[PDB]
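Peer 1: Got a structure here, written out as structure tokens. Questions coming.
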Amino acid sequence: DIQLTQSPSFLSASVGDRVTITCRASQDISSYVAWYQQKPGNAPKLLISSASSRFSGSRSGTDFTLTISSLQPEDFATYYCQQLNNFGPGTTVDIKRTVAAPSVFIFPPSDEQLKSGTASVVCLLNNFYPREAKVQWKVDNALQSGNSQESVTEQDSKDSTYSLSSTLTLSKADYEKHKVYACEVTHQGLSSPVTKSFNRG
Amino acid sequence: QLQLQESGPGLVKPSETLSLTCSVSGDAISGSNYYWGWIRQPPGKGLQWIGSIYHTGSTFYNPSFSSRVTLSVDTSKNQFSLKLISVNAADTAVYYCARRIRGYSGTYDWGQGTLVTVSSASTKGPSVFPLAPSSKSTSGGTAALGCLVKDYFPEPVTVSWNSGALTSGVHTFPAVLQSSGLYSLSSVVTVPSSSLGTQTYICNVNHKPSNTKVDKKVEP
């Protein structure tokens with residue numbers, strides 16, 4: 001069989017940009033190619049086939065091209081080319097947008113979870129851009145390490161922002177030691193770090 | 001309306017056999033000119049074609065699978081099946097059933113996909129805790145609230161808010177594997193501050209491997 005390769009492998013472009021993606025076959029078996037769009041959490045879906053308006057296909061040398069004439073926020077996806085039972089490795093298209101500062105929210109652990117012997121404190125960074133952000137947990141003004149885990153959403157299909165959870169997980173005993181739980185956030189959209197805090201009381 | 005629907009276990013022990021079935025509606029396998037196939041997508045990776053079957057029962061396989069794959073078709077039930085023996089962790093993936101019409105220009109129709117995790121770990125249902133809205137989670141006229149879905153195995157869980165009526169501003173984070181070997185995630189949503197008194201906010205959590213169904217009301 002053959003191998004299909006794609007270029008670029010990854011790219012970030014602004015809303016309204018023209019974007020062109022290339023599919024190259026190791027051997028010329030067919031004049032037909034198809035393209036699939038896979039949005040996050042979804043199966044791939046057929047976009048266009050050269051055998052059948054923002055999306056269009058062409059030839060460049062022996063390569064096949066897919067052009068998005070004006071990139072939209074909902075085009076955030078991985079695009080795959082296909083010939084017979086062969087797929088390319090995919091080209092991921094991210095959206096570049098203007099800087100957006102996060103909104104920061106903090107959530108103490110629930111009484112039910114405390115009854116369980118474990119305490120999760122959740123800090124939410126909502127609807128920001130770019131993806132880079134620094135979240136620091138401070139507990140009674142001491143900086144914490146090794147007890148937090150971060151999760152990031154995929155880029156939003158409508159506003160192209162990210163959201164971020166940082167979850168501090170302690171034993172109930174370790175939670176009960178200290179009083180002030182603070183999430184301190186540094187991000188390009190903020191002049192100075194933003195701290196959200198609560199008292200265990 | 002063509003629909004390709006995967007079914008089968010979402011967790012398979014190492015060295016055991018992975019089995020899935022595709023139920024086809026909206027078209028007939030019998031007498032068709034399609035290849036009926038399975039394609040998988042391991043976490044963080046691209047698409048890998050596994051094998052295909054014709055309505056006659058003739059099969060074609062990816063040599064990568066080293067003859068570990070068997071496809072079969074039941075034209076009476078309008079279904080076709082995947083069997084993958086001697087699985088290991090490299091076989092953890094989303095499995096899609098799919099179809100492609102014969103010929104050089106044929107394209108794929110896809111099912112929705114089903115996650116199969118290869119692990120010796122046992123199934124465990126999640127605990128669901130509120131992320132309560134408060135003054136500490138209100139920015140302007142906007143309040144954030146959510147649900148913490150903690151300590152389950154294997155993936156996935158699904159989270160809806162108010163039976164699907166609340167979709168705007170919902171963020172359900174990718175699960176994180178904890179040191180314990182169990183998954184955890186939060187789902188959050190932003191709502192008007194003024195609505196908290198009148199509107200009841202419920203996160204609907206489903207973890208099918210443990211038959212866990214939780215509707216947790218999240219109060220201020």
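Ligands are numbered from 1 in the order shown, chains are lettered A, B, ... in the order of the structure tokens, and residues start at 1 in each chain.
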Please identify all polymer residues within 6 Å of region 69-76 of chain A, counting only C-alpha atoms, omitting same-chain residues fewer than 6 positions from it, and present them as a ChimeraX atom specification.
Peer 2: /A:15-18,54,93-94,157-158
Peer 1: Write the selection just made, keeping N, CA and C atoms, as a PDB file, in the first residue's frame?
Peer 2:
ATOM      1  N   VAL A  15      -8.726  34.414  12.250  1.00  0.00           N
ATOM      2  CA  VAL A  15     -10.032  34.369  11.602  1.00  0.00           C
ATOM      3  C   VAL A  15      -9.998  35.230  10.351  1.00  0.00           C
ATOM      4  N   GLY A  16     -10.485  34.676   9.243  1.00  0.00           N
ATOM      5  CA  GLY A  16     -10.455  35.353   7.965  1.00  0.00           C
ATOM      6  C   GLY A  16      -9.264  35.036   7.087  1.00  0.00           C
ATOM      7  N   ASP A  17      -8.231  34.377   7.617  1.00  0.00           N
ATOM      8  CA  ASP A  17      -7.071  34.012   6.813  1.00  0.00           C
ATOM      9  C   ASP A  17      -7.414  32.920   5.807  1.00  0.00           C
ATOM     10  N   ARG A  18      -6.672  32.907   4.702  1.00  0.00           N
ATOM     11  CA  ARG A  18      -6.694  31.804   3.753  1.00  0.00           C
ATOM     12  C   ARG A  18      -5.679  30.758   4.196  1.00  0.00           C
ATOM     13  N   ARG A  54     -16.402  27.592   1.500  1.00  0.00           N
ATOM     14  CA  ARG A  54     -15.102  28.025   2.000  1.00  0.00           C
ATOM     15  C   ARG A  54     -14.026  26.992   1.708  1.00  0.00           C
ATOM     16  N   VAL A  93      -5.356  22.562  12.885  1.00  0.00           N
ATOM     17  CA  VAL A  93      -5.491  23.992  12.639  1.00  0.00           C
ATOM     18  C   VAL A  93      -6.022  24.646  13.908  1.00  0.00           C
ATOM     19  N   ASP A  94      -5.201  25.492  14.532  1.00  0.00           N
ATOM     20  CA  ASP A  94      -5.551  26.298  15.695  1.00  0.00           C
ATOM     21  C   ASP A  94      -5.867  27.712  15.231  1.00  0.00           C
ATOM     22  N   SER A 157     -15.032  26.635  19.984  1.00  0.00           N
ATOM     23  CA  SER A 157     -15.391  26.701  18.572  1.00  0.00           C
ATOM     24  C   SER A 157     -16.037  28.024  18.196  1.00  0.00           C
ATOM     25  N   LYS A 158     -16.451  28.823  19.177  1.00  0.00           N
ATOM     26  CA  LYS A 158     -17.126  30.088  18.931  1.00  0.00           C
ATOM     27  C   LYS A 158     -16.264  31.311  19.222  1.00  0.00           C
TER      28      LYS A 158
END
Peer 1: Counting only C-alpha atoms, give me one row per residue of chain A with an atom at most 7 Å from an atom of chain B, showing the shortest contact pair and its distance in Å to one decimal, sorted by chain then residue number, as a Markdown table.
Peer 2:
| residue | atom | partner | partner_atom | distance |
| --- | --- | --- | --- | --- |
| A:30 | CA | B:104 | CA | 6.5 |
| A:32 | CA | B:105 | CA | 5.5 |
| A:34 | CA | B:107 | CA | 6.7 |
| A:42 | CA | B:112 | CA | 7.0 |
| A:43 | CA | B:112 | CA | 5.5 |
| A:51 | CA | B:105 | CA | 6.2 |
| A:84 | CA | B:104 | CA | 6.1 |
| A:85 | CA | B:49 | CA | 6.6 |
| A:87 | CA | B:47 | CA | 6.6 |
| A:89 | CA | B:46 | CA | 5.5 |
| A:90 | CA | B:46 | CA | 6.4 |
| A:105 | CA | B:137 | CA | 4.5 |
| A:106 | CA | B:137 | CA | 5.8 |
| A:107 | CA | B:131 | CA | 5.9 |
| A:110 | CA | B:130 | CA | 6.5 |
| A:113 | CA | B:129 | CA | 6.7 |
| A:151 | CA | B:173 | CA | 6.2 |
| A:152 | CA | B:173 | CA | 6.4 |
| A:153 | CA | B:173 | CA | 5.5 |
Peer 1: Would you save the residues of that selection, restricted to N, CA and C atoms, as a JSON list (two decimals), in the first residue's frame?
Peer 2:
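The new file out14.json reads:
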[["chain", "number", "residue", "atom", "x", "y", "z"],
["A", 30, "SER", "N", -4.00, 7.12, -7.47],
["A", 30, "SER", "CA", -5.30, 7.62, -7.88],
["A", 30, "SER", "C", -5.28, 9.12, -8.08],
["A", 32, "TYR", "N", -8.05, 10.76, -7.36],
["A", 32, "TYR", "CA", -9.06, 11.21, -6.41],
["A", 32, "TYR", "C", -8.50, 11.27, -5.00],
["A", 34, "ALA", "N", -9.92, 12.66, -0.85],
["A", 34, "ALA", "CA", -10.97, 13.25, -0.04],
["A", 34, "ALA", "C", -10.34, 13.78, 1.23],
["A", 42, "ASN", "N", -15.28, 14.44, 18.36],
["A", 42, "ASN", "CA", -16.16, 13.95, 17.31],
["A", 42, "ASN", "C", -15.42, 12.97, 16.41],
["A", 43, "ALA", "N", -16.20, 12.13, 15.74],
["A", 43, "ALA", "CA", -15.66, 11.35, 14.64],
["A", 43, "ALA", "C", -15.30, 12.28, 13.48],
["A", 51, "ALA", "N", -13.75, 13.94, -6.36],
["A", 51, "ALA", "CA", -14.61, 13.23, -7.30],
["A", 51, "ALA", "C", -15.99, 13.86, -7.42],
["A", 84, "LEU", "N", -8.43, 5.63, -0.92],
["A", 84, "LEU", "CA", -8.78, 4.23, -0.60],
["A", 84, "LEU", "C", -8.75, 4.06, 0.92],
["A", 85, "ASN", "N", -8.07, 3.04, 1.45],
["A", 85, "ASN", "CA", -8.02, 2.78, 2.88],
["A", 85, "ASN", "C", -6.79, 3.38, 3.54],
["A", 87, "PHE", "N", -4.98, 6.92, 5.19],
["A", 87, "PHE", "CA", -5.18, 8.26, 5.71],
["A", 87, "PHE", "C", -3.84, 8.95, 5.90],
["A", 89, "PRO", "N", -1.55, 11.73, 8.16],
["A", 89, "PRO", "CA", -1.41, 11.79, 9.62],
["A", 89, "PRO", "C", -2.22, 12.90, 10.27],
["A", 90, "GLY", "N", -2.84, 13.76, 9.50],
["A", 90, "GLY", "CA", -3.63, 14.84, 10.05],
["A", 90, "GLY", "C", -2.87, 16.15, 10.09],
["A", 105, "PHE", "N", -12.06, 32.05, 39.15],
["A", 105, "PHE", "CA", -13.02, 31.63, 40.14],
["A", 105, "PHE", "C", -12.38, 30.55, 41.00],
["A", 106, "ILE", "N", -12.74, 30.51, 42.28],
["A", 106, "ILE", "CA", -12.19, 29.53, 43.20],
["A", 106, "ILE", "C", -13.33, 28.85, 43.95],
["A", 107, "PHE", "N", -13.17, 27.55, 44.21],
["A", 107, "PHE", "CA", -14.20, 26.70, 44.79],
["A", 107, "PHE", "C", -13.61, 25.91, 45.94],
["A", 110, "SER", "N", -16.37, 20.61, 48.96],
["A", 110, "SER", "CA", -17.72, 20.42, 49.48],
["A", 110, "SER", "C", -17.69, 19.71, 50.82],
["A", 113, "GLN", "N", -17.47, 15.91, 50.29],
["A", 113, "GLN", "CA", -16.13, 15.39, 50.03],
["A", 113, "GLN", "C", -15.30, 15.41, 51.31],
["A", 151, "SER", "N", -5.94, 20.96, 33.95],
["A", 151, "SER", "CA", -6.63, 20.51, 32.75],
["A", 151, "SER", "C", -7.06, 21.72, 31.94],
["A", 152, "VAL", "N", -6.90, 21.62, 30.62],
["A", 152, "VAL", "CA", -7.22, 22.69, 29.70],
["A", 152, "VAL", "C", -8.25, 22.19, 28.70],
["A", 153, "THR", "N", -9.26, 23.01, 28.44],
["A", 153, "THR", "CA", -10.20, 22.71, 27.38],
["A", 153, "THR", "C", -9.53, 22.89, 26.01]]
Peer 1: When you count only C-alpha atoms, which of these residues is closest to residue 194 (chain B): B:142, B:167, B:120, B:67?
Peer 2: B:142
Peer 1: Which of these, A:38, A:56, A:161, A:65, has the shortest distance to residue 8 (chain A) once you count only C-alpha atoms?
Peer 2: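 Counting only C-alpha atoms, the residue closest to residue 8 (chain A) is A:65.
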Peer 1: Tell me which of A:145, A:163, A:81, A:176 sits closest to residue 128 (chain A), counting only C-alpha atoms.
Peer 2: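 Distance minimum relative to residue 128 (chain A) lands on A:163.
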Peer 1: Considering only C-alpha atoms, return as an MDAnalysis selection string whatever protein or nucleic-acid residues lie within 10 Å of residue 76 (chain B), sequence-local ones (same chain, fewer than 4 positions apart) excluded.
Peer 2: chainID B and resid 28:30
Peer 1: Output the selection as a CSV table (one decimal), in the first residue's frame - N, CA, C and O atoms for each residue.
Peer 2:
chain,number,residue,atom,x,y,z
B,28,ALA,N,-28.6,-1.4,3.8
B,28,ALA,CA,-28.4,-2.8,3.9
B,28,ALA,C,-27.0,-3.2,3.6
B,28,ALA,O,-26.4,-2.7,2.7
B,29,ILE,N,-26.4,-4.1,4.4
B,29,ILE,CA,-25.1,-4.7,4.1
B,29,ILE,C,-25.3,-5.6,3.0
B,29,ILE,O,-24.5,-5.6,2.0
B,30,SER,N,-26.2,-6.5,3.1
B,30,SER,CA,-26.5,-7.6,2.1
B,30,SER,C,-26.7,-7.0,0.7
B,30,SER,O,-27.5,-6.1,0.5
Peer 1: Return as a PyMOL selection string the full set of residues in region 23-189 of chain B whose backbone-based DSSP assignment is helix (DSSP H, G or I).
Peer 2: chain B and resi 63-65+89-91+135-137+162-164
Peer 1: According to DSSP computed on the backbone, where in region 79-220 of chain B is there strand (DSSP E or B)? Give the residues as an MDAnalysis selection string.
Peer 2: chainID B and resid 79:84 93:101 108:110 114:118 124 127:131 138:139 142:153 158:161 166 171:172 176:177 183:192 201:207 212:218
Peer 1: Generate a file of the selected residues that holds C-alpha atoms, formatted as a short mmCIF file (atom, residue, chain, number, x, y, z; two decimals), in the first residue's frame.
Peer 2:
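Result written to selection.cif:
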data_model
loop_
_atom_site.label_atom_id
_atom_site.label_comp_id
_atom_site.auth_asym_id
_atom_site.auth_seq_id
_atom_site.Cartn_x
_atom_site.Cartn_y
_atom_site.Cartn_z
CA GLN B 79 -24.33 -6.07 11.54
CA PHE B 80 -20.59 -6.66 11.25
CA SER B 81 -18.06 -7.28 13.97
CA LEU B 82 -14.46 -6.81 15.07
CA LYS B 83 -12.46 -9.30 17.11
CA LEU B 84 -8.94 -8.35 18.25
CA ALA B 93 -8.11 3.61 21.33
CA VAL B 94 -11.36 4.99 20.04
CA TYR B 95 -12.72 2.39 17.62
CA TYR B 96 -15.00 3.58 14.79
CA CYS B 97 -16.99 1.39 12.53
CA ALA B 98 -17.15 2.85 9.03
CA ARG B 99 -18.03 2.12 5.43
CA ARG B 100 -16.51 3.01 2.08
CA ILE B 101 -17.97 2.48 -1.37
CA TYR B 108 -15.92 6.98 4.34
CA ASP B 109 -19.11 7.22 6.35
CA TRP B 110 -18.34 7.02 10.07
CA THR B 114 -16.38 3.98 21.16
CA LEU B 115 -13.48 4.10 23.59
CA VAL B 116 -11.89 0.78 24.57
CA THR B 117 -9.37 0.82 27.40
CA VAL B 118 -6.98 -2.11 27.80
CA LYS B 124 -15.22 2.08 39.61
CA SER B 127 -18.37 10.45 43.26
CA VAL B 128 -19.96 13.74 42.22
CA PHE B 129 -19.38 16.84 44.30
CA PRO B 130 -20.75 20.35 43.73
CA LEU B 131 -18.56 23.29 42.82
CA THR B 138 -18.88 35.70 40.77
CA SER B 139 -17.32 38.14 38.29
CA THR B 142 -21.69 36.36 36.09
CA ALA B 143 -21.45 33.37 38.45
CA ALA B 144 -19.46 30.17 37.84
CA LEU B 145 -20.62 26.81 39.20
CA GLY B 146 -19.93 23.19 38.44
CA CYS B 147 -19.52 19.55 39.38
CA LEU B 148 -16.43 17.59 40.40
CA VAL B 149 -16.60 14.03 39.04
CA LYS B 150 -13.92 12.21 41.03
CA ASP B 151 -12.30 8.76 41.14
CA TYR B 152 -13.75 6.65 38.32
CA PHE B 153 -12.42 4.04 35.93
CA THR B 158 -20.56 12.29 30.18
CA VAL B 159 -21.79 15.49 31.82
CA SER B 160 -24.82 17.53 30.77
CA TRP B 161 -26.37 20.51 32.53
CA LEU B 166 -27.78 24.59 29.42
CA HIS B 171 -16.74 23.68 29.96
CA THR B 172 -16.26 19.98 30.68
CA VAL B 176 -6.86 13.66 34.32
CA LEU B 177 -5.42 10.37 35.51
CA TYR B 183 -9.72 9.53 36.63
CA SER B 184 -11.11 12.88 37.74
CA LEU B 185 -12.63 15.85 35.94
CA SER B 186 -14.72 18.94 36.58
CA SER B 187 -17.50 20.40 34.48
CA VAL B 188 -18.19 24.12 34.96
CA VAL B 189 -20.69 26.60 33.56
CA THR B 190 -21.17 30.36 33.83
CA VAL B 191 -24.66 31.78 34.42
CA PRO B 192 -26.20 35.17 35.22
CA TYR B 201 -28.81 24.05 38.20
CA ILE B 202 -28.30 20.28 37.96
CA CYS B 203 -25.34 18.45 36.46
CA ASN B 204 -26.31 15.11 34.92
CA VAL B 205 -23.36 12.74 35.28
CA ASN B 206 -23.26 9.36 33.54
CA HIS B 207 -20.58 6.69 33.87
CA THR B 212 -23.71 5.27 37.59
CA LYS B 213 -26.35 7.95 36.90
CA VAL B 214 -26.22 11.07 39.08
CA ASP B 215 -28.26 14.27 38.89
CA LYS B 216 -26.61 16.63 41.37
CA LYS B 217 -28.30 19.94 42.15
CA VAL B 218 -25.71 22.68 42.65
#
Peer 1: Suppose you want the space between CA of residue 103 (chain A) and CA of residue 127 (chain A); what is it in Å?
Peer 2: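 Result for CA of residue 103 (chain A) versus CA of residue 127 (chain A): 7.0 Å, one decimal.
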